[PDB]
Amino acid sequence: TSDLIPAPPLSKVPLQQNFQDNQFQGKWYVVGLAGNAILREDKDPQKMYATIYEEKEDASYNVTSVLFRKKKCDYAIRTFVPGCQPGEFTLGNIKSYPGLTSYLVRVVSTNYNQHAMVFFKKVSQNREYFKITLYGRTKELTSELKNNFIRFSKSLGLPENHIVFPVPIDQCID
């Protein structure tokens, strides 16, 4: 419409236990993706993309994403500074984005050598978008994972058409 599905209350978003810095780092493929602003576009199905978590010196993350947007490889670099709890981050520099008023990152779950589920929320110019990414160390998607993902999203108020699974492409991202 012109409307947006409410971001769930934080209490509904789990936080990994004993989140480990250096074990979560490295390349992560986005095999699952969902959010109030994410939608299924059959005309242009969403393509898989990778995101790299580089552990800096002061424990921050130099996060680089490699997407395949319209004929070319796009690169999004941004740093995630630690939050109040291991596994929580805020967007560094924030001022560099005069339109942003808040941006949180919450690692809901992970095993570090296979998959992960990360929650993102950010209010901008008075709009409250949020999303969940299903990370895979490989491009593989297990039916169990997929389902357990769809469940979390729904538990967050996300209808089916707001839950997408990027087509593995294998280019610009390998």
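Counting begins at 1, following the sequence as shown.
**Student:** If you average the CA temperature factors over each stretch, which comes out higher, 22-30 or 124-132?
**Tutor:** Between 22-30 and 124-132, it is 124-132.
**Student:** Read off the CA B-factors in the entry, average them over 104-112 and over 138-146, and name the higher stretch.
**Tutor:** Stretch with the higher mean C-alpha B-factor: 138-146.
**Student:** Lowest, middle or highest third: where is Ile52 by Cα B-factor in its chain?
**Tutor:** Middle third - that is where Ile52 ends up once the chain's C-alpha B-factors are sorted.
**Student:** Going by the CA temperature factor in the PDB record, which third of the chain does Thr79 belong to: lowest, middle or highest?
**Tutor:** Lowest third.
**Student:** Determine, from the deposited record, the chain-internal third of the Cα B-factor for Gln17: lowest, middle or highest.
**Tutor:** Highest third of the chain for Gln17's C-alpha B-factor.
**Student:** Please say which third, lowest, middle or highest, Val167 falls into when its CA temperature factor is compared across its chain.
**Tutor:** According to the entry, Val167 has a C-alpha B-factor in the chain's lowest third.
**Student:** Would you mind checking where the Cα B-factor of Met117 ranks among the modelled residues of its chain, as the lowest, middle or highest third?
**Tutor:** Its C-alpha B-factor belongs to the middle third of this chain's values.
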